[PDB]
Structure formats: C-alpha cells, structure tokens
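# A closer look at the structure
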Amino acid sequence: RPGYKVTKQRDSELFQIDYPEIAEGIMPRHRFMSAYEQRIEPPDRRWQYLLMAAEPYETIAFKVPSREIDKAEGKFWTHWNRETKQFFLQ
Amino acid sequence: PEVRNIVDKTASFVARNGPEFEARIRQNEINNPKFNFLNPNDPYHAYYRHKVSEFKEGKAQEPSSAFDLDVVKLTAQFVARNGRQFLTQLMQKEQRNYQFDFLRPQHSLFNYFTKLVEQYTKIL
Amino acid sequence: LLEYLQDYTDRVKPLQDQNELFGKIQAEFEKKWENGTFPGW
Amino acid sequence: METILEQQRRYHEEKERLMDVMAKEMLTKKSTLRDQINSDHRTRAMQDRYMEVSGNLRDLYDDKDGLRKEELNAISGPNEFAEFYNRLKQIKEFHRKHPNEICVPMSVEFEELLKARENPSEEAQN
C-alpha cells in the first residue's frame, strides 16, 4: 500500500506514473470505476475514477468530472516502458 | 530539519538495498545518537518506518474485376521505374486528367497496389 | 538385378537429387575405380 | 507482353507458392510410410515444376537488356501509359468477378481432406 507518484498533464491533439520494480511479466492495469461503491459510502457520489493498479505498489485513482474525453482502455491506449519502469495511458 | 533528513535519506538507502541495511546501519552506529532514530526508543522511529515503504513504492518526495486488376498492375509497372518517390509516371498523369482513385491510401486497393509496386521493385 | 536396385534407390528417396547421386558415382568410378582403387600390400 | 515485369513477377510468385506449400508439408506431422512416401513423391513433382519455372525465369532477360534504357526512361515517355490505359477501356460490360489469379495457384498446390494429394499430382499413385 505505497502511494506512487503520478504526473497529470493537460494534453491536446495523459498520466505519467513512475513505478518501482514489479519483477513480474504482468503490466500495470487500469479500470474506469464509478463512485457508487466505496468503503464509507458518503453523499456526493456521482462521478467516475480512473483507477490504476499493479502488485508491486498500491492502487491510485484519478477523478473524471467530464462525461467523455478519452478512452480508459488497456490495449488501445496504454504503453509500458518496463525497462525504465514508467507507465503510460492516454 | 536534520532528523527528518537523515531519516528520509537513511530510509531511501534501506528502501533500495532492503531492510538488511537497517540492521547493519543500526548496529554500526548503535552508540551514536545520529542513528538513535533507527531504534524504537526515538520519537521519529514511527516516521522512518513509513519512509522506507514509501521510497520502495517510489512515491515519496526526495530531499532538498479484371479492369481493376489490370489498371492497378499497369500503374504499378510505371510507378516502379520511378527516379524519385513523387516524380513518377503517374503523379504527372493524375494532374493531366487521369482519374485513378486507388493512388490515395484512403482506398482499400492501395494496400494491394503497394504490394504490387514492392513486387515490381523486387523485379528490378 | 542392378537396374532394379538403382531404380529402387531413387524410388524410395525421391527428395534426393538423382543427377547428383549419378554424377558422384560416375566421378568416383572414373577417378578411383578404373584408376586402381583396390590395393593390397 | 510485359516479359520484364509481369511474367518474371508471376514466375517469382509461383516459386514462392511452391516453397510455401512444401514448407507446409515439412511443417505437418506424418503418421505412416505410404503417406510419407506419397508426400515426398508429391514434393518431388513440385521441385520439378520449381526447376522448370526457374529455368524459364533465367532465359527471359536477354531482350530485357535491349529495352532497359527505354524502360529506365521514366521521364521521357508517358504517352505509352495513356495508350495502354485507353486500350484498358475496351469491353466495359464484362460483368464478372475475378478472384482467381492468386487463389487458383494457392488452391492448385494444396489438397482436400479425403485425398492428401494436391490438384497438380491428383492422379499420382504409389
């Protein structure tokens, strides 16, 4: 449960997560999750989180208030620089 | 703050090299108060514990069809003898009245045309 | 007996070059067999 | 007739198909002696075809050196392209689907489940 370091940046035509070594073949994975289910369930739920996870580190979430701007998909739009250990997604 | 800096930095090294260094460093400077922090007897002991895990996670802040086939084959024969990529015997033709829509990569038959020019170029 | 045996060799190994095998046997015949390839002491 | 370009391209393609087919045979498993010898005899006839096609490919370049300068002249020319393209406007109402230039060579040198002998060698008998 170690919080990695994310580097959000407004693009135009993207998140840059530095990840220490996993030592496994499985690349880091993203998923789009809704705020409807949570450990505390408090009011104001009603937005989406772009969630990132890997076994080495812990899980990280990014709030999305816009309805559509990008596609949170694995094959279409992610890249894994496993050698330098930086993770990509746009 | 010295204490937080030595904690943060020592934690970093022990985070990279593993907790095996925590033991070394602790026993190497056990009498030295500069490393008293490594023992549970110090107040910042709990702070350092977090730093180790944090540096390991790499998150903490470091210090500071014939017609179609024959036109595609014939155009490919005269394209493949080109002296330059855009100085072909077909670039002149498009501008001189000759409607040929498969020259643009927007038409699916371009991918077969590229194979035919590659084959005619192999046949040179 | 040979004509049968020669046809048989090529017949059961049809992926091997017949012309190579024939030319090799001919060359060994002329350069060695006719030229004293059997010697005693 | 485009001896320089089309015929040599077709002969090179036919050779590539023959190599792919006897490679596909050497990739597949064999189970009994009869069918091993049958495929090895089939691959012999394919090699005889390969050697003959390669023969013809080598004896088609003498007049190529005769026309190579005129062929290499891609700037001074263009009218011949137009002349041939104008003749390609002959017989427009030819309502037919033509998917057979590569499919027939590929399905010729291949075989169908009941009989493991390809269409070239389909009457071959051990």
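Structure determination for this entry, per the PDB record, employed cryo-EM and reached 8 Å resolution.

### Some words on the overall build of chain A
Within chain A, the secondary structure is distributed over 1 helix and 6 strands. When its helices and strands are written in sequence order, chain A yields β-β-β-β-α-β-β. Oriented by its inertia axes, the alpha-carbon framework of chain A measures out at about 40 × 35 × 20 Å.

### Section: the sheet that holds strand β1 (residues 17-18) of chain A
Residue and element names in this part refer to chain A. Pairing is antiparallel in the open sheet, where 3 strands are placed in the order β1-β6-β5. The open sheet has two free edges, formed respectively by β1 and β5 (78-81), since each of these has just one partner strand. Bridge count for β5 against strand β6 (residues 86-89) is 4 bridges, and the pairing is antiparallel. From the neighbouring strand, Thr 78 faces β6, where its bridge partner is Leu 89.

### Some points on the sheet that holds strand β4 (residues 60-64) of chain A
Residue and element names in this part refer to chain A. The 3 strands are arranged β2-β3-β4 in an open sheet whose pairing can be described as antiparallel. Sheet topology places β2 (29-34) and β4 at the edges, where each strand pairs with a single neighbour. This sheet shows a mean twist of 25° between the axes of neighbouring strands, independent of strand direction. Bridge count between strand β3 (residues 48-53) and β4: 5 bridges; the pairing is antiparallel. Paired with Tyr 49 across the two strands is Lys 63, which belongs to β4.

### A short note on the arrangement of the chains
The structure contains 3 pairs of chains in contact, of which chains A and B account for the largest number of contacts. Separated without contact, chain A and chain C have their nearest C-alpha atoms at a distance of 45 Å.

### Observations regarding the environment of B:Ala15
Residue and element names in this part refer to chain B. Counting through the fold element by element, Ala 15 comes out in helix α1 (residues 2-17). The spatial distance from the C-alpha of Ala 15 to the C-alpha of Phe 35 is 16 Å, given a sequence separation of 20 residues. Discounting chain neighbours no more than four positions away, the residues touching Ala 15 are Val 52, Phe 55 and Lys 56.

### Here's the deal with the pairing of β6(A)
Residue and element names in this part refer to chain A. Strand direction decides the pairing type here: β1 and β6, joined by 2 bridges, are antiparallel. Within the sheet, the bridge partner assigned to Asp 18 lies in β6 and is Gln 86. Remark: 4 residues form the turn of the hairpin made by β5 and β6, two consecutive strands paired antiparallel; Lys 85 in that turn has positive phi of roughly 85°.

### Describing the packing of α1(B) against helix α3 (residues 45-57) of chain B
Residues and elements named next belong to chain B. Interaxial distance between α1 and α3 falls to 8 Å at its minimum, and their mutual angle equals 50°. Put simply, α1 runs oblique to α3. Crossing geometry of α1 relative to α3 is assigned as right-handed. Judged by residue contacts, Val 7, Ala 11, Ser 12 and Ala 15 of α1 engage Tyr 48, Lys 51, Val 52, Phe 55 and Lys 56 from α3. Considering only residue class, the contact of α1 with α3 consists of 6 nonpolar, 1 polar and 2 charged.

### Remarks on unusual backbone geometry
Residues and elements named next belong to chain A. Although it is not a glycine, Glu 41 adopts a positive phi angle of roughly 40°. Here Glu 41 shows up in the loop between β2 and β3. Phi is positive for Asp 44, close to 95°, though the residue is something other than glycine. Its place among the elements puts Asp 44 in the loop between β2 and β3.

### Quick word on the pairing of β3(A)
It is a general feature of regular strands that their side chains alternate between the two faces of the sheet. Residues and elements named next belong to chain A. Pairing of β2 with β3, which is carried by 6 bridges, proceeds in the antiparallel orientation. Its bridge partner being in β3, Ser 34 is matched across the sheet by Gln 48. Turn length for the β3-β4 hairpin, with the two strands adjacent in sequence and antiparallel, is 6 residues.

Each value, and the rule that gives it
Residues numbered from 1 in each chain as written, not as in the entry; some residues may be left out. Chains lettered and ligands numbered in written order. Part of a larger assembly, values for the part shown. Heavy atoms only, no water. Residues with missing side-chain atoms left out of burial classes, pairs and counts. Helix = DSSP H or I, 4+ residues; strand = E, 2+ residues; numbered from the N terminus. Pairing = 2+ DSSP bridges. Axes fitted to C-alpha atoms, helices over the stretch in contact; angles between N-to-C directions. Contact = heavy atoms within 4.5 Å. Parallel < 35°, antiparallel > 145°, perpendicular 65-115°, else oblique. Left-handed = near helix turned anticlockwise from the far one by under 90°. Nonpolar A, V, L, I, M, F, W, Y, C, P; charged D, E, K, R; others polar.

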